[PDB]
Amino acid sequence: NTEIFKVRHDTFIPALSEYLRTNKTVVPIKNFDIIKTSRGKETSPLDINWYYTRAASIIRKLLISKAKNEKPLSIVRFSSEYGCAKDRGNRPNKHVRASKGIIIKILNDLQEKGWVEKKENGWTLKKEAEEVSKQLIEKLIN
Amino acid sequence: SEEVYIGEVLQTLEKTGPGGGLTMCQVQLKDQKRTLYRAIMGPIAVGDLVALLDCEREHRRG
Amino acid sequence: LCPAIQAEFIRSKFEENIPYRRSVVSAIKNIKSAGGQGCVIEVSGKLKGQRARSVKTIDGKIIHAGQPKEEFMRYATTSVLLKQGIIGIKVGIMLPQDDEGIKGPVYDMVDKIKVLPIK
Amino acid sequence: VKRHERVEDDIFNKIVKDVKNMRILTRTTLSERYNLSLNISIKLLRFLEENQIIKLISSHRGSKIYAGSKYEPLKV
Amino acid sequence: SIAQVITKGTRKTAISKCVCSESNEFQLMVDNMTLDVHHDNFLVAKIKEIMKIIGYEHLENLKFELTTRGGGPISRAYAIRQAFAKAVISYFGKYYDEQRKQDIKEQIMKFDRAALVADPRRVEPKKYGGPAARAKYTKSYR
Amino acid sequence: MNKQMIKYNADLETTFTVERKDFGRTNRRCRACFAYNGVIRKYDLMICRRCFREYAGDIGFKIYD
Amino acid sequence: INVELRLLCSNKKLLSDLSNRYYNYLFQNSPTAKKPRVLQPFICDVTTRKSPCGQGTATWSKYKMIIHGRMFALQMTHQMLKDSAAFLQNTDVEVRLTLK
Amino acid sequence: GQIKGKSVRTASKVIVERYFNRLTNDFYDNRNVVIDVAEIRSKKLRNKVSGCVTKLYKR
Amino acid sequence: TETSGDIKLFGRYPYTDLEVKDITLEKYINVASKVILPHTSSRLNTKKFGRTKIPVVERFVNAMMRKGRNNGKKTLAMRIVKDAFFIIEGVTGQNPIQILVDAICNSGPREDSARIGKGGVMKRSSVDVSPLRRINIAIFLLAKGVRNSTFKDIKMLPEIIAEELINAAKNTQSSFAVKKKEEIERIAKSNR
RNA sequence: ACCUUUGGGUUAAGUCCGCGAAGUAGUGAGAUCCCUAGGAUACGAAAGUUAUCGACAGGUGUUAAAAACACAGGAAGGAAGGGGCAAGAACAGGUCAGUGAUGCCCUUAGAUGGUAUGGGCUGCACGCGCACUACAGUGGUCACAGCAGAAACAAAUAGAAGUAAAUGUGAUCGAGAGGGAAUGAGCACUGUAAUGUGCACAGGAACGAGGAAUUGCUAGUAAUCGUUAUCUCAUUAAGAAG
Ligand SMILES: [K+]
Ligand SMILES: [K+]
Ligand SMILES: [Mg+2]
Ligand SMILES: [Mg+2]
Ligand SMILES: [Mg+2]
Ligand SMILES: [Mg+2]
Ligand SMILES: [Mg+2]
Ligand SMILES: [Mg+2]
Ligand SMILES: [Mg+2]
Ligand SMILES: [Mg+2]
Ligand SMILES: [Mg+2]
Ligand SMILES: [Zn+2]
């Protein structure tokens with residue numbers, strides 16, 4: 001069954017984030033404490049653990065993609081998902097992508113842990129990454 | 001002070017005033033013999049009830 | 001029924017140095033005799049002096065508006081060079097209705113009503 | 001005079017005595033009756049709602065509303 | 001085969017499809033989420049509104065899945081509400097006596113005709129010489 | 001024509017060749033009238049907006065709506 | 001066995017006549033005959049100002065050319081394909097073939 | 001601004017003057033009669049004519 | 001979630017036993033139509049008295065989508081009024097709905113000033129307002145008072161809504177809307 | 001010379017109904033055409049598409065005709081909504097810098113003809129027209145979701161074109177933490193050539209809702225919010241056209 005849809009996103013993304021950090025499965029980019037997520041953003045994130053909320057939300061994008069049986073997700077797709085409206089002085093605001101470097105690092109970390117497999121046209125889940133999510137949800141709803 | 005008379009509109013006659021904003025109307029008071037002619041400015045339907053401040057001031061032109 | 005022929009009959013007569021009036025009158029007769037239900041002819045330029053003008057002629061029925069203009073109306077334009085300048089010629093012809101579809105449309109105009117006779 | 005960035009002991013004491021018998025109370029009341037800034041009206045109000053001295057009755061987006069000891073709702 | 005009907009509901013450029021089926025229990029899913037999990041409350045309010053003018057005993061022993069594409073967040077909720085409304089009437093006409101269909105239809109028609117008929121309203125095309133459908137660019141004199 | 005230019009490296013002794021890219025108005029002249037302005041380049045037409053409107057009905061374009 | 005014949009044309013009346021003619025031919029041979037499939041028309045368009053200079057109220061026109069199309073998918077033997085292809089000439093309609 | 005006009009009215013009067021034995025109160029009957037008795041190509045015009053014929057008949 | 005009963009406003013408020021309490025207004029104030037959320041798309045504006053059939057709190061949220069920048073933000077308006085009803089229900093102790101009804105009743109001016117003179121100069125005179133116009137002006141004034149009050153003041157907007165509506169229902173001088181109703185009626189009388 | 005005759009009702013329209021020294025056919029209006037909304041018995045085995053059909057002031061109530069309104073059923077109700085086509089006459093209205101369309105005057109190897117390398121068209125005391133961001137809290141910032149018109153997206157470890165945005169929930173900030181103008185030393189991209197564009201860091205101007213005046217807009221309209229496999233286009237949109 002499509003088990004992921006049974007719980008609310010603003011409870012799931014915070015929940016997994018702790019399981020990640022307590023096992024260090026993803027490691028921060030150099031200068032994560034001062035870098036911005038996009039050229040469209042005004043200031044760096046207010047939470048020091050923003051890198052882990054990215055990791056938690058990336059696995060959610062992949063779980064729902066797997067649930068709906070879509071084509072595999074690309075680095076471009078993820079960059080447009082996290083995009084925003086950039087401020088340009090005296091000109092209309094304009095839609096701009098997220099920066100790729102963060103996303104590339106997360107996907108390469110998850111590859112080394114065996115959580116994400118690279119296909120010829122995108123990235124895909126693996127059995128361990130599915131089962132972690134399954135066993136979390138089964139407690140979390142109860 | 002809050003004196004008031006309630007009156008029932010029986011007829012409408014003429015669109016009136018600069019730009020045609022008002023309507024000449026015939027009104028009968030609910031608890032007196034008096035029947036008046038008045039100008040009213042909102043949309044009005046026959047059989048409406050309107051609240052007047054005077055029972056005497058009149059628009060004789062009718 | 002071909003406006004592109006008649007306009008070249010007109011253009012010829014200008015070079016033959018014949019009055020526009022006589023030339024146009026002849027053209028209209030040819031168009032009507034061949035069965036056209038009407039036509040329009042306009043000549044424009046330095047036609048009778050230093051001040052330019054245009055002269056327009058109408059005969060019979062001509063349609064200007066809507067889809068019935070695209071199926072019944074035919075047009076041509078040409079110009080003749082003379083010592084004083086260029087004179088422009090416009091011709092338009094309204095085709096006859098034709099039940100075999102050779103000379104013009106099979107179906108008559110969309111707005112015409114005809115009521116059948118009784119036995 | 002400008003607003004303040006502490007709730008000193010004697011302001012704290014009298015606020016407890018004042019919050020009972022008040023009905024609906026909100027961020028502004030603490031900041032417009034007493035001299036506290038918005039950033040210290042939030043923190044004190046959140047504290048009293050953990051202590052069961054007040055009770056929260058709405059929290060939709062940032063708009064947040066509370067009730068004291070002489071509140072009473074409608075009845076069917 | 002299991003008793004079923006299918007209906008379609010439209011608002012602006014949003015289109016929705018509802019499938020309705022026999023069940024031991026009342027069940028409703030939208031975007032694969034139940035009413036107690038779904039992330040937009042305007043949708044949930046518009047669903048529970050129509051579910052109360054129809055009697056609860058008329059929605060008993062029945063299951064629903066709603067899918068939708070196009071339009072935007074407010075328009076899709078009304079599109080979904082029409083698709084849901086037409087399913088119950090369709091099922092009653094096909095699988096029960098026709099008097100109960102007529103009874104239910106009087107109640108919905110008394111409440112809101114736009115629950116069973118679609119608004120033919122759409123955006124008007126832009127013309128030249130103005131920013132939008134009717135507004136003109138600014139004329140000047142001196 | 002794709003023209004070519006010589007250029008020297010920093011030594012001012014070794015030479016290499018580079019190609020000039022065809023861009024701008026210089027090769028996109030109107031096919032009816034040689035004009036450089038208002039050329040419609042879509043659908044591999046290369047015809048100016050003045051010339052287009054007189055020939056459009058011969059090509060087969062129509063104003064439906 | 002199978003053939004798919006694309007009749008492509010920038011005139012509607014012609015394509016309607018030629019398809020009716022070919023449909024009649026199909027039903028007269030009676031190989032379990034069927035209608036053509038009406039395809040999504042290709043539409044190429046241009047938008048331009050009317051005046052040859054800057055003067056006046058800027059008025060604009062949209063010209064669009066429509067390429068209609070109809071597909072027949074059909075069952076025939078190779079002789080009947082070779083012989084019937086004699087039908088597919090002297091048309092303003094352009095005609096194309098696919099086979100398996 | 002829904003006025004039948006001179007073409008429609010002329011045709012309608014010719015119809016009632018000659019087919020009165022075939023018409024009734026009903027628009028749907030009257031339209032079947034004009035679809036037979038007349039050559040009206042435009043869909044909008046045959047509705048205008050049949051509507052005008054019913055009104056004349058009842059007068 | 002919260003309830004499985006009958007339809008209540010915001011799922012909270014009773015929606016019954018409601019009185020207008022001015023016979024001049026009766027037909028023009030819809031407190032009949034049971035709706036869970038003050039939102040409808042019902043297309044009545046294209047009709048002769050269809051804007052008088054729209055429900056009361058609906059008319060009241062529409063009044064908030066103003067000052068230019070807030071055009072179209074109808075969700076925001078609902079969020080705002082929801083909170084105000086909590087403040088009011090608490091403060092007053094009665095169905096927020098009867099506060100809103102009484103605010104309208106008091107805040108509409110009964111007599112007004114207008115140009116009457118046709119066949120000459122236009123001379124101003126008093127005139128008498130219809131039922132429908134009277135309520136249209138009431139909403140306008142209640143809204144305008146709220147907007148301008150909040151502009152550069154530290155207080156929260158839902159709180160200002162509760163301040164004005166109570167006072168208006170109670171006919172106090174404290175209401176911006178009530179004061180301006182007195183002004184219009186005094187000037188009308190001056191030109192009588 | 002010229003007029004076709006008494007100016008009463010109706011429509012958007014000499015559109016029509018009355019009445020007449022006038023009467024008959026036409027152009028213009030309407031009809032037709034194109035798009036948007038409803039409709040398989042056709043086609044397909046994929047789940048859609050297209051459709052010669054459907055509305056006529058037709059029904060009831062309003063006591064000459066033509067008409068209009070108020071209800072009612074109906075996908076759709078008063079030109080169904082929106083475009084497109086579109087009389088006669090005019091104007092010394094605009095364009096010879098669109099044209100191997102063109103009369104006449106002028107120049108024509110020291111060219112007013114071509115070509116090449118550079119510079120200007122982009123200069124700045126100042127008066128005007130049209131647009132774009134604003135003056136905050138019905139706000140700012142962080143993160144998370146999530147939805148178009150439909151379907152095209154090598155790779156990228158700070159960052160250096162792309163598949164919405166308003167918006168939804170939680171935090172935060174607290175009354176010039178609103179605002180981004182002039183400017184510094186940099187880091188890349190397009191190009192034959194930067195003067196053009198992108199990016200990071202500093203810097204932080206006026207402006208606290210606008211005098212006399214003035215411009216559009218009646219419903220999916222105005223206003224708000226983004227987007228162009230549309231046009232310009234090597235690179236450039238604060239412009240049009242969707
Ligand atoms: K001319
Ligand atoms: K202008
Ligand atoms: Mg900003
Ligand atoms: Mg015509
Ligand atoms: Mg007109
Ligand atoms: Mg006559
Ligand atoms: Mg027309
Ligand atoms: Mg001139
Ligand atoms: Mg210049
Ligand atoms: Mg700032
Ligand atoms: Mg330009
Ligand atoms: Zn050209």
Side-chain angles (χ1 to χ4, degrees), chain A residues 9-10 13 29-31 35-36 39 42-43 45-47 50 53 57 75-76 80 85 89-92 95 97 99-102 104-105, chain C residues 61-62 64-69 79 81 83-86 110-111, chain D residues 37-39 61, chain E residues 12-13 39-40 70-73 76 117-118 120-128 133-136 138-140, chain F residues 5 18 20-21 23-24 30 32-33 35 37-38 42 48 50-51 63-65, chain G residues 34-35 37-38 47 52-53 55-56 60, chain H residues 1-3 5-6 27 42 44-45 47-48 50-51 54, chain I residues 45-46 64 67-73 75-76 80 150 152 154 157:
Chain A
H9 71 126
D10 68 1
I13 294 166
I29 190 161
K30 189 185 74 80
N31 300 117
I35 294 169
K36 299 192 298 192
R39 65 184 159 98
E42 185 148 35
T43 57
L46 278 184
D47 57 307
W50 69 268
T53 291
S57 59
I75 207 77
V76 176
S80 179
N90 289 336
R91 294 184 290 177
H95 170 71
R97 289 189 182 166
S99 65
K100 290 178 183 278
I102 322 305
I104 291 164
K105 193 179 183 70
Chain C
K61 182 176 175 95
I62 295 108
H64 299 88
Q67 189 61 37
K69 186 250 292 176
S79 66
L81 174 67
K83 203 183 178 180
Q84 293 194 343
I86 295 204
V110 285
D111 65 350
Chain D
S37 298
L38 300 172
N39 199 204
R61 207 72 70 104
Chain E
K12 297 179 173 166
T13 65
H39 64 252
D40 176 18
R76 60 139 65 183
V117 312
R121 294 153 73 208
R122 301 291 183 279
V123 282
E124 184 181 324
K126 165 174 155 58
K127 270 70 73 179
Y128 68 79
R134 291 188 194 189
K136 262 61 179 188
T138 298
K139 165 162 59 155
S140 182
Chain F
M5 295 177 68
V18 66
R20 182 82 69 86
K21 301 198 177 189
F23 60 86
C30 177
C33 79
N37 292 322
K42 199 171 179 177
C48 80
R50 287 92 171 189
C51 293
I63 308 158
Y64 281 96
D65 182 29
Chain G
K34 277 150 184 179
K35 297 300 200 303
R37 162 63 202 268
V38 154
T47 178
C53 61
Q55 196 278 326
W60 292 77
Chain H
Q2 296 175 311
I3 292 167
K6 188 167 288 294
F27 174 93
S42 175
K44 185 165 180 177
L45 288 180
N47 295 333
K48 289 186 184 182
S50 48
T54 61
Chain I
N45 77 100
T46 309
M64 299 296 178
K67 214 196 187 299
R69 62 187 186 188
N70 294 336
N71 287 346
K73 302 179 178 198
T75 51
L76 169 59
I80 280 158
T150 61
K152 277 170 90 174
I154 58 156
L157 165 55

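Values below: every heavy atom of this structure, side chains too, minus hydrogens, waters and symmetry copies. Chain letters run A, B, ... following the sequence lines, proteins first, then strands; residues in each count from 1.
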For this session: Would you mind classifying the nucleic acid contact of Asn31(A) as base, sugar-phosphate or nothing, using non-hydrogen atoms under 4.0 angstrom?
Result: nothing

Stack test, strand neighbours [N] and [M], 5.5 Å, 30°:
| N | M | result |
| --- | --- | --- |
| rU41(J) | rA42(J) | no |
| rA57(J) | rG58(J) | no |
| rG14(J) | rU15(J) | no |

Seminar exercise, completed: Under the convention that a positive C1'-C2'-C3'-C4' torsion is north and a negative one south, the sugar ring of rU138(J) is south

Can you name the residues that form a side-chain contact (heavy atoms from CB on, under 4.5 Å) with [X], not counting sequence neighbours?
| X | value |
| --- | --- |
| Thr13(E) | none |
| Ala35(F) | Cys30(F), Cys33(F) |
| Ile35(A) | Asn31(A) |
| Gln67(C) | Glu70(C) |

Exercise. If we only count Watson-Crick and G-U wobble pairs whose two distances fall under 3.5 Å, is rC71(J) paired to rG59(J)?
Worked result: yes

Problem set entry | Pair test for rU36(J) and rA80(J): Watson-Crick or G-U wobble, both under 3.5 Å | yes

Exercise. For RNA chain J, which nucleotides open and close the run of contacts to chain D, 5' to 3', at under 4.0 angstrom from a non-hydrogen atom?
Worked result: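 Nucleotide range in contact with chain D: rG168(J) to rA175(J).
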
For this session: Please indicate whether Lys21(F) has more than 12 foreign heavy atoms, meaning atoms of other residues, nucleotides or ligands, lying under 6.0 Å from its NZ.
Result: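 No, not enclosed.
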
Problem set entry | side chain to side chain donor-acceptor pair (under 3.5 Å) partners for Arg39(A), two or more places apart |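 Checked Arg39(A) against side chain to side chain donor-acceptor pair (under 3.5 Å); zero matches.
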
